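Descriptive analysis of the structure
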Amino acid sequence: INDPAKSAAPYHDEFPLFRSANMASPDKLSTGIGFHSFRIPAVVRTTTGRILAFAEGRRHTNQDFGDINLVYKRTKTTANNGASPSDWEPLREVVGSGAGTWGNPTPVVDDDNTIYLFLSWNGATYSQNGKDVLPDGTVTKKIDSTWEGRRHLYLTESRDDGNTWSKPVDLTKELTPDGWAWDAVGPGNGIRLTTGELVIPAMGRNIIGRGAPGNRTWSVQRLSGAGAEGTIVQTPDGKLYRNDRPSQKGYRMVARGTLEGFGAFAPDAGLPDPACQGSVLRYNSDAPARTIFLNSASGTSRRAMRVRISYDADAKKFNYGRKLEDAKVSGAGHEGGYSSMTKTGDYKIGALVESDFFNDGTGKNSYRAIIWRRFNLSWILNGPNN
Ligand SMILES: [Cl-]
């Protein structure tokens, strides 16, 4: 019941990291290529201490389809922990080839500091629902099971602390079941287990990496009743824990297991969710061991961002935690949406969170930005609603 972290001085700081086209100093590539919106964050700390932040750079609108590039920023040094805006490099690109969709960043850092980045891809003229109008008036086809029309799974990696990235390699035939149309990996992050394997959450399955770090053999672990957008953590007991976006608004869907198989998914009544992506983080294993969870704690709204701690060996129950709105950002829209968390080298949690200007309401022209937050366990534990 005692957590020494509560006695530490509370710390928080927050600022926009991916600045949409409507903001002052909007984020653009060195090529001059700009983006209406940034969505779908992912963040990892590498073995050097450098922080890598990934996002979908949505070129023309905030929509999930059309020309979308996979963009990123690194901390300028391995030691600055992204503490202030000046600690971050300008926007770079992992991949932006063609006018199709490169997205769903799902990174994991291997033992050798190879940073793997799993990605989803679809063609320029396809969308999840089909019949969507593109900027030039073209009407999309519905994503289907054909090679051209299906969702692909790609893998790129960096061997130089995120400085450069390989041309992404298509692993669809190997790691996506045959006959699938729609697919998703993450988005958010994969993990490295105490036992040495990599686990990457995906739609209806886990991707498992075995063998030599940065030289892994990949395989698929099929799951029953998993969601499209999943998260994975190793709980203090050493078991695996999937915490997935539900198909309908309500609660997070949770299953527990091992590399040999999982039990059933069931709603976690303690974790309301509006059918949106979430994020989970293994903080520490020594007493008191902690798992961190972040989503919108609402059955209806994405604007109820809440970070929580679980002390349970199986992460059975999370505390109330703290509303991110307790440390609100101004000038970057209405915060809430997808999120991603890492530990920093200075004993903080670093979180990326989507934000929405809502200037076009629910419409395609509403600018979307991504906020970077740092806070310590003390900040969470000293929340007024605990
Ligand atoms: Cl969504």
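The deposited coordinates derive from X-ray crystallography, with the record listing a resolution of 1.84 Å.

Moving on, we come to the side chain of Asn81. Mapped onto the elements of the fold, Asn81 is located in the loop between β4 (68-74) and β5 (92-95). With relative accessibility at 10%, the residue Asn81 sits in the buried group. Setting aside residues no more than four positions away along its own chain, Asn81 makes contact with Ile51, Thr75, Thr344, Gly345, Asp346, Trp372 and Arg374.

If you walk across this open sheet you meet the four strands as β12-β13-β14-β15, and the pairing is antiparallel. Two strands bound the open sheet, and with one partner strand each, they are β12 (191-192) and β15 (215-222). Across two bridges, the pairing between β12 and strand β13 (residues 198-202) is antiparallel. Bridge pairing links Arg192 to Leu198 in β13.

Quick look at the sheet that holds strand β1 (residues 12-18) now. Reading across from one edge, β1-β27-β26-β25 is the order of the four strands in this open sheet, with antiparallel pairing throughout. At either end of the open sheet lies a strand with only one pairing partner, and these are β1 and β25 (334-343). Each strand axis lies, on average, 25° off the axis of its neighbour in the sheet, ignoring direction. Two strands pair when backbone bridges link them, and strand β26 (residues 349-356) and strand β27 (residues 368-375) are joined in this way by eight bridges, in the antiparallel orientation. Residue pairing in the sheet places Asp356 in a bridge with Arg368 of β27.

Attention shifts here to empty space enclosed by the protein. Per the counting criterion, the structure on display carries one cavity of 30 Å³ or more. Computed from the structure, the largest cavity encloses a volume of approximately 50 Å³. Lining of the largest cavity is provided by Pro187, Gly188, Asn189, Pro201, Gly230, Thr231, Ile232, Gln277, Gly278, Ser279, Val280 and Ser339. Split by residue class, the lining of the largest cavity holds four nonpolar, eight polar and no charged.

On to the environment of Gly337, then. Locating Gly337 in the fold gives a position in strand β25. The spatial distance from the C-alpha of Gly337 to the C-alpha of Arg306 is 11 Å, given a sequence separation of 31 residues. Excluding residues within four positions of it along the chain, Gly337 makes contact with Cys276, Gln277, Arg302, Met305 and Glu354.

Oppositely charged side chains are able to pair whenever their charged atoms sit close together. As enumerated under the stated definition, the model contains 23 salt bridges in all. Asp178 is paired through a salt bridge with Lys173; the nearest N and O atoms lie 3.1 Å apart. Looking at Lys173, the relative accessible area reads 47%, which means it is partly exposed. The salt bridge involving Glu335 is made with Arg373; its shortest N-O contact spans 2.7 Å. Note that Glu335 is positioned in strand β25 and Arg373 in strand β27, a separation of 38 residues in sequence. Overall, the relative accessible area of 1% leaves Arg373 in the buried class. The network of salt bridges with common partners includes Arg39, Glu56, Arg58, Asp64 and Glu354.

What follows is about the side chain of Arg50. In this fold, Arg50 is placed in the loop between β2 (37-45) and β3 (51-58). A distance of 2.9 Å separates a polar side-chain atom of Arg50 from the backbone oxygen of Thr75.

Looking now at the packing of aromatic side chains. Tallied over the entire structure, the rule returns 13 aromatic pairs. Geometrically, the ring pair formed by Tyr72 and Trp165 is edge-to-face, given 6.0 Å between the ring centres and 75° between the ring planes. One end of the pair, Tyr72, is in strand β4; the other, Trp165, is in the loop between β10 (152-158) and β11 (169-170), with 93 residues separating them in the sequence. For the pair shown, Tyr72 and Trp165 are each scored as buried. Seen from their ring centres, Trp102 and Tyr154 are 4.7 Å apart, and the 65° between their planes marks the pair as edge-to-face. With a gap of 52 residues between them, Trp102 in strand β6 (residues 101-109) and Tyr154 in strand β10 connect regions that are remote in the sequence. A relative accessible area of 14% places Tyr154 in the buried class. An aromatic cluster of at least three residues, connected via ring pairs, comprises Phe18, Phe35 and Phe38. The ring of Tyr338 carries the charged tip of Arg39 above its face, separated from the ring centre by 4.9 Å. The aromatic ring of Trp182 is capped on one face by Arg151, whose charged end is 4.0 Å from the ring centroid.

Definitions and cut-offs
- Residues numbered from 1 in each chain as written, not as in the entry; some residues may be left out.
- Heavy atoms only, no water.
- Helix = DSSP H or I, 4+ residues; strand = E, 2+ residues; numbered from the N terminus.
- Buried < 20%, exposed > 50% of the residue type's maximum accessible area, 1.4 Å probe, protein only.
- Contact = heavy atoms within 4.5 Å.
- Pairing = 2+ DSSP bridges.
- Axes fitted to C-alpha atoms, helices over the stretch in contact; angles between N-to-C directions.
- 1 Å grid on protein atoms, 1.4 Å probe; cavity = no way out; pocket = protein on both sides within 12 Å on 5 of 7 lines; lining within 4 Å.
- Points joined across faces, edges and corners; volume = space filled by probe spheres on them.
- Nonpolar A, V, L, I, M, F, W, Y, C, P; charged D, E, K, R; others polar.
- Salt bridge = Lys/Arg side-chain N within 4 Å of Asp/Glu carboxyl O.
- Polar contact = N/O pair within 3.5 Å; in protein donor to acceptor, adjacent residues only side chain to side chain.
- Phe/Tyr/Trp six-rings, centres within 6.5 Å; stacked < 30°, edge-to-face > 60°.
- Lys NZ or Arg CZ within 6 Å of the ring centre and 35° of its normal.

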